[PDB]
Amino acid sequence: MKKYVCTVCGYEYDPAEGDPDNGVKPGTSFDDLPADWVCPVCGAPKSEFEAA
Ligand SMILES: [Fe+3]
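Counting from 1, one number per residue, gives the positions in the sequence shown under the authors' numbering.
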């Protein structure tokens, strides 16, 4: 349940919540996000998130 933060905009990916609108059910770890998933608030890539 390790949270990751977007270093572009500050959105925090929370595995307990997932990201339903992008096809990511609650409980999905950051490491298991789809290869094309991007920050839902700003569009930044996963390579620009850091552990938070
Ligand atoms: Fe972002």
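Virtual Cβ for every residue (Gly too), placed ideally from N, Cα, C.
Comparing alpha carbon positions, the residue from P15, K25, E48 closest to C39 is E48. Of the heavy atoms belonging to ligand 1, none sits nearer than 7 Å to the Cβ of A52.
Taken atom to atom, the span from the alpha-carbon of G43 to that of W37 is near 9 Å. In the displayed model, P20 falls within a helix according to three-state DSSP. Ranking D19, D31, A35 by CA distance to the CA of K2 puts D31 first.
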